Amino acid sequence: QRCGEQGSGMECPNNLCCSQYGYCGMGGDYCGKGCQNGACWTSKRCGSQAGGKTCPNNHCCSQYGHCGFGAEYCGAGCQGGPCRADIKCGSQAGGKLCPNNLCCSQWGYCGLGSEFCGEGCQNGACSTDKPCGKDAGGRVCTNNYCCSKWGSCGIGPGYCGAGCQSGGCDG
């Protein structure tokens, strides 16, 4: 039930702050210093500024490299997160994957939902379980996912460790 690094990059619900010690809360003692994610009083950085660092909880990374929400962050300049502008990807965008596992639609704009993740889905969290491996033309997955021994893409012990054909397998 721990957050921050004491829960392995896990996050608190309803925008709650994960204090320096790994607990979910809201208050100066959670959102102050040490805060790891949530509505941290001093917004975490990201993007070009932060060598590419992406914002937790799907916060928009404004054009200055600060995570938040509203006009100033998700508006124009938005570097990442749920921007107000459509995000290109795939063949249209040069193989350009979507960030934060978002699905890249048939039409070429990241998102999540049957629209992006279903039929046509070209990369990201695709609900269409496509077959990978020897029993699938020797195909390999998107996003550098682990192609399971039973020929399916995913992340976690089943797909990544013992059995994993091609992908981010440990061994």
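Residues carry their position along the shown sequence, with the first being 1.
- Using only the Cα atoms and their B-factors as the entry lists them, report which of 104-112 and 126-134 averages higher. Higher mean C-alpha B-factor in the PDB entry: 126-134.
- Item | 93-101 or 71-79, whichever carries the higher mean Cα B-factor | Result: 93-101.
- Message: If I read the C-alpha B-factors straight from the PDB entry, which of 25, 9, 22, 163 is highest?
- Response: Answer, based on the entry's C-alpha B-factors: 163.
- Per the PDB entry, which option out of 58, 49, 37, 62 has the greatest Cα B factor? Largest recorded C-alpha B-factor: 49.
- Rank-wise, by C-alpha B-factor, drop residue 151 into the lowest, middle or highest third of its chain. Highest third, going by the recorded CA B-factors of the chain.
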